[PDB]
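To begin, one chain is listed below as structure tokens, in the form deposited in one PDB entry.
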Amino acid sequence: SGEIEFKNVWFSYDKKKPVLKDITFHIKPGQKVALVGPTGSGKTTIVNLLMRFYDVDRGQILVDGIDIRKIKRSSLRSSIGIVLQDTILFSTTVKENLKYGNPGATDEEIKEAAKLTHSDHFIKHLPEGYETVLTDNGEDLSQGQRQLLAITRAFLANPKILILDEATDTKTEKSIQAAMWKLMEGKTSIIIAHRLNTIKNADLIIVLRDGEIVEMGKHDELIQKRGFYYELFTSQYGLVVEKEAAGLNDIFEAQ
């Protein structure tokens, strides 16, 4: 499960000017994949089509080898876990928030899920623990804690596929990174990368520009190619240092 393939996909919301043009790629089960490129390059539209918020105008999208137009749509969408940078929670108990994608979960399954995704500790130390009401939709929690909850929430729903918007706290980021790691374990992950920090180890990087894939591959190979990915990466992570080099001086001499 978690196999994804776009074959010659074209799409437009307008049905006038296109947004995606001949998009073709294949993702093996369990691979971590990064989408990179400018705003409006096709990143979000690819994910909208995967969720089947719309059907493609041309080509096909296959999940596990089946055109998603022949898959039960709610099961397709249900099998996809979404973690964005800003998570909205309901003004209810933590426990009920955690059952968002798994209403049938037992109290034991919830705590087990939270232990594996390293949110159990901070939940327990909320004033009412798991029964703490997240008044004002989670705004008494820090940014990090909301993200932990969203990761545990996804984990509990056991998705086959993840869609993750990469962030653009030391005690927390360590546990968030551990949490993400566990959440991604054994799953196909599609990361909308921005900082490009994480994705050095991505199994596949897809570089988009004006609705087309201009490059595709691993970090090392894309860097050597000195194309668009090289440009976006080194512009962001280039580092200026000092080096000793030959120069000229006008020194004093006799005669």
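Throughout, rigid core stands for the largest set of C-alpha atoms superposing within 1.5 Å between the two forms. Note that residue numbering follows the sequence shown and begins at 1.
We do not show the form deposited in another entry, though everything after this point is about it.
In a core superposition between this form and the one not shown, the Cα of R195 is the only one among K218, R58, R195, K28 shifting by 2 Å or more. Core-superposed comparison between this form and the one not shown: CA of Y237 displaced by 2 Å or more. Note: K182-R195 Cα separation is 3 Å or more shorter in the other form than here. Between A178 and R195, the C-alpha separation shrinks by 3 Å or more in the other form, relative to the conformation displayed.
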